[PDB]
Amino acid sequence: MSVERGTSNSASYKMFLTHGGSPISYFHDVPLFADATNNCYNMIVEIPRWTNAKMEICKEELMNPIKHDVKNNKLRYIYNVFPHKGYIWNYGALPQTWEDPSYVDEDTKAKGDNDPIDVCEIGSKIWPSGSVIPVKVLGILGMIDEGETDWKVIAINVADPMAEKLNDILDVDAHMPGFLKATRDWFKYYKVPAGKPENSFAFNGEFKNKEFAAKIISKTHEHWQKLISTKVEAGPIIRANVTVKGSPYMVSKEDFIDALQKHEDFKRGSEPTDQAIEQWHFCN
């Protein structure tokens, strides 16, 4: 169950994961495999489909809450690039993964983008921010964001009725015409209304199959395993506190439920927003 603190539609808003009424880390404490290494990952949904507000696991605060992305100190919203409305999937990340920046991909020749690997989930259900979902991985797209390799995993909720008809990236392309091209278009153009340039892609923008996806996810899992695993090096700024439970792995960074002594501002519903949550932008 998720839990809220601070003031909504503000920078003080925070969403924390709990188990048994005990706060755990969104980043570290949710296992990557929902169910063995047979086709089943945990996803942290950060951004509900057809919403605009940039939400993310924070990495830099205790228990790693989901919060509003902020810089130029105002809440950040993505644009609507025609014909898309905000995010065209449930967007989020895989827990216990880390695109370690000190590692360069042998294909893009670019560093890791320093976050848990991103996921676009393509099912029917619109998933609320903060949901933890069993997903099936179908493929990856490699976006090169501003000098970095920024992987985008393509997945589907396993309870979704389409999940059993889709077992690889080519199946997606057959049942959802126009969709993969829409997905690359989305990442190509999403920062152009901000004045920034189009993004480019790994493999000349080719979507790779699930077998490849799993190899990338596995490497990002190993980087996370290194970050967390008693690995006594100041990779900090990032916060590695965990209360779980593999295999903490008896983390050098594991602790009590000091987490619980999190008393912060209390949830308070707040004012609604203005920017270009409504506005259309036309970049072919």
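Each residue number is its position in the shown sequence, starting from 1.
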Highest mean C-alpha temperature factor of the two stretches 91-99 and 188-196, which is it? 188-196
Averaging C-alpha B-factors over each stretch, which comes out higher, 142-150 or 116-124? 142-150
Kindly indicate the residue among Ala202, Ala213, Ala155, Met162 with the greatest C-alpha B-factor in the PDB record. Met162
From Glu222, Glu46, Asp69, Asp255, the top C-alpha temperature factor is at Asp255
Going by what the PDB entry lists, where does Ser229 fall on CA B-factor within its chain: lowest, middle or highest third? highest
Assigned third (lowest, middle, highest) for the C-alpha B factor of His175: middle
Lowest, middle or highest third: which one holds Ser218 when the chain's residues are ordered by CA B-factor from the entry? middle
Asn38, C-alpha B-factor rank within chain (lowest, middle or highest third): highest
Assert third(CA B-factor, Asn73) within chain per record equals highest
